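Student: For reference, the structure I am asking about is given below.
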Amino acid sequence: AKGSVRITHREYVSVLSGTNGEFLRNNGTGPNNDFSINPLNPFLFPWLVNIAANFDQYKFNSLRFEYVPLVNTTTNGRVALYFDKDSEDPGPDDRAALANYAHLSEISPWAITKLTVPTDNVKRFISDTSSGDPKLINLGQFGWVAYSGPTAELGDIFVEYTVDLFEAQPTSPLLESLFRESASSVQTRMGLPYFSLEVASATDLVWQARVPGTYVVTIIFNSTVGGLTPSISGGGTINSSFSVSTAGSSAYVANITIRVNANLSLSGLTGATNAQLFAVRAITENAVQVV
Amino acid sequence: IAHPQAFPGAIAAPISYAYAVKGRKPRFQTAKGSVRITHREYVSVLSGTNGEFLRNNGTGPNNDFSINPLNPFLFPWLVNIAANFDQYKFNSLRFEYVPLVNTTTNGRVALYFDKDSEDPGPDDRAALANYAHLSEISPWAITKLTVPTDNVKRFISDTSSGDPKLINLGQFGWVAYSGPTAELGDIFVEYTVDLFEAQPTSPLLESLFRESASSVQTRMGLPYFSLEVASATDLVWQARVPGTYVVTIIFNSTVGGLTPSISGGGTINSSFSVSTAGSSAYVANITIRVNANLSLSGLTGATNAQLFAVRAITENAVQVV
Amino acid sequence: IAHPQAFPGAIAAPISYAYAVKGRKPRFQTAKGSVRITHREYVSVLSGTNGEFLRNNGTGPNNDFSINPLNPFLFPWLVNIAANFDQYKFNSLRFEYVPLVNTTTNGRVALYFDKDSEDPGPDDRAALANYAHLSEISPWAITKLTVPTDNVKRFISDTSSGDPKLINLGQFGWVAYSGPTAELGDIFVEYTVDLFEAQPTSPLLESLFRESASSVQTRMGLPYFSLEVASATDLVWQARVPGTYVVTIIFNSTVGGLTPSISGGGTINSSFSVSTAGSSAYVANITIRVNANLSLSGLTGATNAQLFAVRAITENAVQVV
Amino acid sequence: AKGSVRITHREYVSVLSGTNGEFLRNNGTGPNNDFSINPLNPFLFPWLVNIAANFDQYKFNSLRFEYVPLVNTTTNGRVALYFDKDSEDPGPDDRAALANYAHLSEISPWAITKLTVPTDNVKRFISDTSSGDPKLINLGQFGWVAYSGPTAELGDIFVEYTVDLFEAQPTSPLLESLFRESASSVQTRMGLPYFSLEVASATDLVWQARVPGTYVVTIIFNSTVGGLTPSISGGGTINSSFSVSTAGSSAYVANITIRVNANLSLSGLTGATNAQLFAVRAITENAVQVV
Ligand SMILES: [Ca+2]
Ligand SMILES: [Ca+2]
Ligand SMILES: [Ca+2]
Ligand SMILES: [Ca+2]
């Protein structure tokens with residue numbers, strides 16, 4: 001074929017972390033939706049996404065996840081990587097469930113292991129992992145568990161792959177538009193799911209970051225004066241900041257380097273209703289310079 | 001390669017051992033009369049607490065460390081297949097312990113097996129030694145206990161169907177004494193079973209009932225939960241098999257309501273209760289760990305309680321209130 | 001031997017045919033990647049009523065005549081094994097009709113198959129003919145319909161998991177027109193499936209929920225029961241799969257109680273109810289037949305109902321009141 | 001061995017009957033207890049029982065049940081014989097369950113079929129089928145179903161076998177003693193379970209017959225005058241009768257030829273409490289001759 005491009009690459013999935021005396025599947029993230037293998041999924045494929053945004057279909061030829069320890073040799077416990085063909089089945093809750101997965105790999109946190117998921121031969125659609133039936137669009141589900149260890153960053157998980165992409169299309173949006181109201185509850189999202197919305201009160205706005213990296217965020221909302229209370233309730237660094245706030249109208253832009261699964265908080269709000277997030281991925285020299 | 005300032009015959013201690021476990025697909029084949037399954041399942045994590053002679057973690061050796069298969073704790077995956085058959089015979093049966101812990105750890109872990117399905121505990125470290133089928137190691141090491149398999153078909157059944165000595169092969173058990181207070185290793189089981197006589201599927205739900213005043217409690221079905229406190233003020237059930245359940249609990253108090261909680265490890269995902277008069281009912285979608293408790297507290301004049309537990313996924317949520 | 005006053009080439013009508021069916025043990029074997037099961041299970045009895053064009057007995061062609069396996073109605077025994085796997089592929093699949101009735105009987109029985117898992121009904125006898133996979137016979141005769149098996153893995157799933165065209169192979173169905181009003185024959189299925197990708201066991205319970213006011217009803221798990229009437233005065237559930245269940249039903253009325261009954265074939269073995277305020281709960285141990293109803297009548301201002309059904313045996317009786 | 005006697009024989013199990021438009025397992029009898037294969041079970045082995053009463057242990061070498069039609073060739077429907085190794089598992093409720101039994105045999109009611117249950121090699125105890133763990137004492141369970149047919153006696157079920165019996169013992173009672181009270185509810189039974197007790201009121205006494213054949217019954221109880229109301233609420237014939245009734249003390253002896261699963265009723269009772277049944281098996285020329 002010759003509308004067919006083929007890519008081989010190794011990129012960054014996520015950091016595998018554990019908490020002391022807990023099971024902790026997928027870093028405690030939960031909703032086994034953003035761990036579907038479509039690619040397109042900027043959590044699993046943060047580098048492939050800029051390419052796959054330009055195509056309609058994908059087929060993996062080889063796909064392998066790799067754990068490389070960040071932790072030292074005296075560390076106790078166990079990490080585990082698993083893969084289910086059903087991208088929609090729920091995760092493992094206990095260790096007993098974890099062990100029945102056909103495609104499983106477990107090793108002590110200071111060692112290296114890897115998991116080779118099996119690829120089939122079918123073209124599927126590159127889409128949102130929320131844009132229709134999971135079983136039709138996703139090869140399957142990926143996930144990890146870390147138990148009986150300490151409470152720390154245990155390792156880096158990489159993914160190495162060879163995909164075919166097919167059918168060039170106009171680019172899917174490589175940015176995020178996340179809208180909310182007040183007065184309602186509707187929370188329409190458009191573009192990649194970089195950030196998620198935890199709560200939209202009238203006092204506080206909290207956006208949790210599902211995707212590690214450096215961004216430029218634009219947040220805009222309706223309050224009644226106040227505003228200036230930005231902080232990172234996780235591991236991150238507001239490298240550049242601009243704020244402006246008056247009546248029923250305020251706006252915040254910033255060059256955060258969020259990571260793992262950190263947090264973005266607008267605290268001193270007062271009488272807030274509508275709000276919208278705009279996320280794009282950038283470096284740091286994309287730094288805001290007006291105050 | 002190559003170790004400093006050493007003569008041969010030295011034994012050199014590493015600081016930690018990594019053993020790597022990969023997923024294992026099950027093998028089926030029919031021995032003309034029997035279906036034969038080979039697979040590896042996860043028994044339990046093995047923990048000890050400091051300064052205790054910790055036997056079977058908390059728990060103690062009861063009737064779900066009995067080998068039959070049909071035993072959700074010992075054979076989570078196999079249970080479903082076994083329900084479709086009437087009798088079984090183990091061919092090979094090995095328990096394997098994979099260390100979770102580094103070699104500065106110290107203490108003892110031990111695996112034992114006894115043919116008396118309802119053999120009581122080893123009472124202390126000295127008794128523990130007298131078993132014929134015993135493996136004792138340092139917690140940072142790997143080991144395995146091979147269970148002697150005899151050559152007799154016994155019925156596939158939950159432990160509530162007459163003499164356990166008739167249906168169960170024996171009893172598995174572990175102990176951790178001395179040593180720290182931590183999760184020391186994984187305990188896997190490797191097995192090859194023959195299943196005989198296909199039949200219509202046995203039910204896999206639990207029905208645990210108590211009265212009050214008669215004092216006796218009766219269980220049918222699998223031992224997912226156990227009843228720990230009777231009382232008229234409290235009802236506590238204990239998880240014996242980790243997982244997500246849709247539990248239905250019905251009982252006779254005198255008016256008042258109930259206060260549900262999960263002491264220990266676990267979360268409630270979807271509650272619903274209706275409590276009055278001399279009748280109350282509580283149905284919930286819980287995820288729970290081994291040895292955690294589901295307590296119904298704040299009861300008032302409660303007699304007669306019954307529990308219905310079935311395995312579900314978290315998303316089988318109760319939707320009314 | 002030897003028939004009176006006959007020339008050869010004659011065809012001689014007997015008065016009845018006896019075909020004898022014996023029990024069939026299942027065969028397992030692993031095709032290196034897949035486990036392969038061959039077995040024969042009982043689909044349903046095939047009845048007609050007089051002067052009706054009776055399609056799928058009462059019922060009508062819905063989403064549990066869909067082939068997937070994982071389908072309690074079509075594969076009672078297989079369900080349990082299938083729950084332990086992620087995808088399937090049928091190798092051979094035959095439906096077989098064994099006459100229950102003598103040759104003075106008359107009328108037509110017909111078996112059909114359609115790839116559209118959610119193909120609607122054949123509307124009349126003429127439409128019924130247009131199927132490509134059809135078998136039409138006199139009711140006193142024997143026949144079998146062979147379903148074309150393709151060569152693609154599809155997911156093992158209950159019919160409540162996205163497009164049924166993705167997970168189900170096709171749809172089975174039967175019709176009986178003209179003829180008397182009686183039970184005409186047995187319908188067996190012979191199959192060989194390959195199951196792939198072992199996984200932790202899928203839940204086999206049912207969770208059927210409705211609101212009221214939103215009008216929509218949602219099902220998770222197997223289709224043992226179906227919701228037929230909403231109402232604020234009545235709640236009726238219908239058995240789609242014959243057997244004994246422990247059903248838990250919870251809903252929101254405004255005070256009053258409930259009046260349970262089993263219209264159609266079935267018996268209640270152990271009731272318990274608590275009904276007040278804006279919350280009621282009814283748990284029971286019922287044995288029920290295909291197309292019978294479990295009705296909660298005498299309701300008063302009832303919105304929001306949820307059902308939990310699991311297979312049990314009669315002896316899993318509710319013990320409180 | 002030479003405390004070992006070996007018997008080969010073919011005797012009468014029961015009549016297989018159906019009711020129109022019903023499933024009807026075991027003639028509607030129910031409690032799958034008196035269908036356990038021990039022998040000793042006077043329902044399955046009415047001829048072997050007189051022998052096995054004299055021994056402690058049994059092993060079957062071959063065992064086969066046989067259905068011979070009583071019904072004609074135009075009869076519709078289907079009979080089925082099944083066998084479970086677990087004498088304690090409940091019967092089949094629907095046809096779907098019936099079909100999953102490994103040892104099953106079904107044929108149209110006007111034809112002959114048979115079922116060969118598989119014998120193992122273990123000695124078990126000859127006992128009550130209520131005298132301890134079913135799985136330890138019974139080879140298994142037998143049973144039959146008749147569906148989609150008419151409402152009639154469809155056929156005779158016979159059993160053909162070869163047993164070894166071991167260990168001579170003093171004879172187990174070949175009679176029945178069934179006691180009841182009033183004032184209590186306790187209902188102690190001793191000997192073979194020929195008859196069962198359905199209700200013991202104060203107005204009526206009803207004994208249902210679990211075992212086809214000719215008997216001599218002695219029933220004795222405590223009322224307050226009255227008594228004389230004997231009848232057979234099934235298929236049977238009170239071939240000989242003696243009654244005597246006064247105050248808190250009455251007594252009935254009779255030579256009934258009960259069958260299938262008939263009934264014995266004492267109607268005109270008044271103020272009855274204690275009662276006891278004595279059943280022994282006899283011919284008819286064991287006829288009561290005093291009035
Ligand atoms: Ca799955
Ligand atoms: Ca012992
Ligand atoms: Ca169609
Ligand atoms: Ca059984």
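Residue numbers start at 1 in each chain; chains themselves are named A, B, ... in the order of the structure tokens; ligands are numbered from 1 in the order shown.
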Please extract the residues at most 7 Å from ligand 4, counting only C-alpha atoms and all ligand atoms, and provide them as a PDB file with N, CA and C atoms, in the first residue's frame, using the chain letters and residue numbers of this document.
Tutor:
ATOM      1  N   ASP B  86     -18.582 -33.425  38.764  1.00  0.00           N
ATOM      2  CA  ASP B  86     -18.972 -34.041  40.028  1.00  0.00           C
ATOM      3  C   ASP B  86     -17.811 -34.516  40.897  1.00  0.00           C
ATOM      4  N   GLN B 199     -21.920 -32.589  34.836  1.00  0.00           N
ATOM      5  CA  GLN B 199     -23.234 -32.478  35.427  1.00  0.00           C
ATOM      6  C   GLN B 199     -23.714 -31.072  35.177  1.00  0.00           C
ATOM      7  N   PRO B 200     -24.999 -30.802  35.435  1.00  0.00           N
ATOM      8  CA  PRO B 200     -25.488 -29.419  35.416  1.00  0.00           C
ATOM      9  C   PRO B 200     -24.806 -28.572  36.480  1.00  0.00           C
TER      10      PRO B 200
ATOM     11  N   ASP D  84     -27.015 -39.532  38.772  1.00  0.00           N
ATOM     12  CA  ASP D  84     -25.919 -38.676  39.222  1.00  0.00           C
ATOM     13  C   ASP D  84     -25.062 -39.422  40.230  1.00  0.00           C
ATOM     14  N   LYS D  85     -23.748 -39.216  40.181  1.00  0.00           N
ATOM     15  CA  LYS D  85     -22.847 -39.875  41.124  1.00  0.00           C
ATOM     16  C   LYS D  85     -23.050 -39.315  42.547  1.00  0.00           C
ATOM     17  N   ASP D  86     -23.424 -38.035  42.613  1.00  0.00           N
ATOM     18  CA  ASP D  86     -23.701 -37.344  43.873  1.00  0.00           C
ATOM     19  C   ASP D  86     -25.133 -37.606  44.299  1.00  0.00           C
ATOM     20  N   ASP D  89     -27.046 -34.264  45.363  1.00  0.00           N
ATOM     21  CA  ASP D  89     -27.364 -33.159  44.478  1.00  0.00           C
ATOM     22  C   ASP D  89     -28.868 -33.180  44.198  1.00  0.00           C
TER      23      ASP D  89
END
Student: Produce as a ChimeraX atom specification the set of residues near ligand 2, where near means within 8 Å with only C-alpha atoms and all ligand atoms considered.
Tutor: /B:114-116,118-120
Student: How would the residues just picked look written out with C-alpha atoms as a CSV table (one decimal), in the first residue's frame?
Tutor:
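Contents of again-v6.csv, freshly written:
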chain,number,residue,atom,x,y,z
B,114,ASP,CA,-1.6,-32.2,56.2
B,115,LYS,CA,-3.9,-34.9,55.0
B,116,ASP,CA,-6.5,-34.2,57.7
B,118,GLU,CA,-9.6,-30.2,59.2
B,119,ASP,CA,-6.3,-30.6,61.0
B,120,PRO,CA,-6.0,-27.8,63.7
Student: Please check which protein, DNA or RNA residues sit within 12 Å of ligand 1, counting only C-alpha atoms and all ligand atoms, and write them as a ChimeraX atom specification.
Tutor: /A:82-92,97-98,100-103,135,140-142 /B:313 /C:82-87,155-157,196-203
Student: Applying 9 Å and only C-alpha atoms, which residues near residue 58 of chain C remain after dropping the ones on its own chain fewer than 6 positions away? List them as a ChimeraX atom specification.
Tutor: /C:47-48,291
Student: Please check which protein, DNA or RNA residues sit within 12 Å of ligand 3, counting only C-alpha atoms and all ligand atoms, and write them as a VMD selection string.
Tutor: chain C and resid 61 112 to 123 127 to 128 130 to 133 165 170 to 173
Student: Produce a file of the selected residues containing C-alpha atoms, as a tab-separated table (two decimals), in the first residue's frame.
Tutor:
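That gives us again_6.tsv:
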chain	number	residue	atom	x	y	z
C	61	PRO	CA	-36.89	-12.93	18.29
C	112	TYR	CA	-33.84	-20.56	10.73
C	113	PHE	CA	-30.53	-18.73	11.19
C	114	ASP	CA	-29.57	-15.17	10.26
C	115	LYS	CA	-26.16	-13.46	10.56
C	116	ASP	CA	-27.67	-10.20	11.72
C	117	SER	CA	-27.58	-10.94	15.45
C	118	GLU	CA	-30.45	-8.52	15.87
C	119	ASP	CA	-32.45	-9.42	12.78
C	120	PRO	CA	-36.15	-8.84	13.51
C	121	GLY	CA	-38.79	-11.47	12.97
C	122	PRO	CA	-39.96	-13.20	9.85
C	123	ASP	CA	-43.39	-11.60	9.68
C	127	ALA	CA	-41.17	-14.18	4.68
C	128	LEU	CA	-39.93	-17.15	6.68
C	130	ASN	CA	-36.69	-16.15	2.21
C	131	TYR	CA	-33.99	-17.06	4.72
C	132	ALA	CA	-30.89	-18.65	3.23
C	133	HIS	CA	-30.48	-20.88	6.26
C	165	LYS	CA	-23.21	-7.37	15.47
C	170	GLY	CA	-25.83	-14.59	14.37
C	171	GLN	CA	-29.32	-15.38	15.51
C	172	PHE	CA	-31.18	-18.64	15.86
C	173	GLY	CA	-34.95	-18.89	15.62
Student: Residue 279 of chain D: which residues within 6 Å, counting only C-alpha atoms, same-chain residues fewer than 5 positions away excluded, as a list in words?
Tutor: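 My list of contacting residues is residues 175, 176 and 217 of chain D.
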Student: Deliver the residues from the most recent selection as a file, using C-alpha atoms, as a compact mmCIF listing (two decimals), in the first residue's frame.
Tutor:
# COMPACT_ATOMS: atom_id res chain seq x y z
CA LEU D 175 -40.83 -53.36 59.25
CA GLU D 176 -41.73 -49.75 59.89
CA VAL D 217 -50.73 -51.92 58.51
Student: DSSP says helix (DSSP H, G or I) for which residues of segment 35-275 of chain D? Put them as number ranges by chain?
Tutor: D: 49-52, 95-98, 134-137
Student: In Å, with one decimal, what is the gap from atom CA of residue 20 of chain A to atom CA of residue 148 of chain A?
Tutor: 6.9 Å
Student: From a backbone DSSP assignment, name each residue in segment 132-291 of chain D labelled strand (DSSP E), as a PyMOL selection string.
Tutor: chain D and resi 141-147+152-168+176-180+189-191+195-200+205-209+213-221+230-232+238-245+250-258+263-266+275-281
Student: With C-alpha atoms retained, could you export that selection as a short mmCIF file (atom, residue, chain, number, x, y, z; two decimals), in the first residue's frame?
Tutor:
data_model
loop_
_atom_site.label_atom_id
_atom_site.label_comp_id
_atom_site.auth_asym_id
_atom_site.auth_seq_id
_atom_site.Cartn_x
_atom_site.Cartn_y
_atom_site.Cartn_z
CA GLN D 141 -28.85 -41.10 42.71
CA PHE D 142 -31.41 -42.40 40.19
CA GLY D 143 -34.35 -40.50 38.73
CA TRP D 144 -36.74 -40.01 35.84
CA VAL D 145 -38.63 -37.28 34.08
CA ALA D 146 -41.62 -37.37 31.73
CA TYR D 147 -42.51 -34.31 29.70
CA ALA D 152 -51.08 -41.32 32.55
CA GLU D 153 -49.01 -44.33 33.53
CA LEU D 154 -46.39 -44.41 30.81
CA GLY D 155 -44.28 -47.40 31.81
CA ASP D 156 -42.60 -49.78 34.23
CA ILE D 157 -39.07 -49.10 35.36
CA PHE D 158 -37.06 -52.18 36.32
CA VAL D 159 -33.58 -52.49 37.74
CA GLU D 160 -31.21 -55.28 36.82
CA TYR D 161 -28.06 -55.79 38.81
CA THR D 162 -25.30 -57.92 40.18
CA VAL D 163 -24.23 -57.09 43.75
CA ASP D 164 -21.71 -58.43 46.18
CA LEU D 165 -22.84 -58.23 49.82
CA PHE D 166 -20.37 -58.52 52.68
CA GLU D 167 -20.29 -59.11 56.42
CA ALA D 168 -23.31 -60.91 57.83
CA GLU D 176 -41.73 -49.75 59.89
CA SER D 177 -42.40 -47.97 63.16
CA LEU D 178 -43.52 -44.39 62.65
CA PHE D 179 -44.34 -42.33 65.73
CA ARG D 180 -45.73 -38.81 66.13
CA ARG D 189 -39.10 -43.24 62.36
CA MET D 190 -37.54 -46.67 62.68
CA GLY D 191 -37.21 -49.38 60.08
CA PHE D 195 -44.92 -45.03 54.53
CA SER D 196 -44.49 -41.37 55.27
CA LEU D 197 -46.54 -39.01 57.34
CA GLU D 198 -48.16 -36.09 55.54
CA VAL D 199 -50.23 -34.54 58.32
CA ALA D 200 -51.15 -35.36 61.91
CA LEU D 205 -54.41 -38.67 59.72
CA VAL D 206 -52.79 -39.07 56.30
CA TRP D 207 -50.04 -41.51 55.48
CA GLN D 208 -48.61 -41.46 51.98
CA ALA D 209 -47.13 -44.67 50.59
CA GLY D 213 -47.03 -53.28 47.17
CA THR D 214 -49.25 -55.27 49.49
CA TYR D 215 -48.97 -54.55 53.22
CA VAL D 216 -50.47 -55.18 56.62
CA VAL D 217 -50.73 -51.92 58.51
CA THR D 218 -51.36 -51.32 62.19
CA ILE D 219 -52.22 -47.76 63.09
CA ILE D 220 -52.81 -46.75 66.66
CA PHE D 221 -53.64 -43.35 68.20
CA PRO D 230 -60.66 -45.21 56.11
CA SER D 231 -59.99 -44.47 52.43
CA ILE D 232 -57.32 -44.74 49.73
CA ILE D 238 -58.11 -51.99 51.40
CA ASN D 239 -58.46 -55.77 50.95
CA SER D 240 -59.12 -56.47 54.64
CA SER D 241 -60.05 -54.21 57.51
CA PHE D 242 -60.40 -54.20 61.27
CA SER D 243 -61.25 -51.23 63.41
CA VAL D 244 -61.77 -50.50 67.06
CA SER D 245 -62.28 -47.07 68.57
CA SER D 250 -58.20 -46.43 68.98
CA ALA D 251 -56.59 -48.94 66.59
CA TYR D 252 -56.80 -49.82 62.91
CA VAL D 253 -55.34 -52.84 61.15
CA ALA D 254 -55.74 -53.50 57.42
CA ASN D 255 -54.33 -55.42 54.44
CA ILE D 256 -53.98 -52.68 51.84
CA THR D 257 -52.54 -53.14 48.35
CA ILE D 258 -51.22 -49.63 47.95
CA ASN D 263 -52.68 -42.54 50.18
CA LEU D 264 -54.11 -43.60 53.54
CA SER D 265 -56.58 -41.38 55.33
CA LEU D 266 -58.24 -41.46 58.72
CA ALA D 275 -50.29 -41.70 66.60
CA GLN D 276 -48.14 -44.56 65.37
CA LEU D 277 -47.88 -46.57 62.16
CA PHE D 278 -46.67 -50.16 61.90
CA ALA D 279 -46.01 -51.37 58.34
CA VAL D 280 -44.93 -54.77 57.15
CA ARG D 281 -44.96 -56.16 53.66
#
Student: Taking only residues of chain C that have an atom at most 6 Å from an atom of chain B, what is each one's shortest atom pair and its distance in Å to one decimal, using only C-alpha atoms, in chain and number order, as a Markdown table?
Tutor:
| residue | atom | partner | partner_atom | distance |
| --- | --- | --- | --- | --- |
| C:28 | CA | B:29 | CA | 5.2 |
| C:29 | CA | B:29 | CA | 4.2 |
| C:30 | CA | B:28 | CA | 5.6 |
| C:80 | CA | B:80 | CA | 5.8 |
| C:81 | CA | B:81 | CA | 5.5 |
| C:203 | CA | B:312 | CA | 4.9 |
| C:274 | CA | B:279 | CA | 5.9 |
| C:279 | CA | B:274 | CA | 5.9 |
| C:312 | CA | B:203 | CA | 4.9 |
Student: Would you mind listing, as a PyMOL selection string, all residues of chain A that have at least one atom within 9 Å of chain B, where only C-alpha atoms are what counts?
Tutor: chain A and resi 21-22+73-78+82+90+93-111+113+115+148-149
Student: Using only C-alpha atoms, which protein or nucleic acid residues come within 7 Å of segment 298-300 of chain B? Drop anything in the same chain fewer than 5 positions from it, and give the result as a list in words.
Tutor: residues 232, 233, 234, 253, 254, 256, 257, 258 and 259 of chain B
Student: What gap, in Å, lies between atom CA of residue 13 of chain C and atom CA of residue 98 of chain C?
Tutor: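 About the pair atom CA of residue 13 of chain C and atom CA of residue 98 of chain C: they are 17.7 Å apart.
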Student: Quick one: pull the distance between atom CA of residue 174 of chain A and atom CA of residue 192 of chain A, Å, one decimal.
Tutor: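 Between these atoms lies a distance of 6.3 Å.
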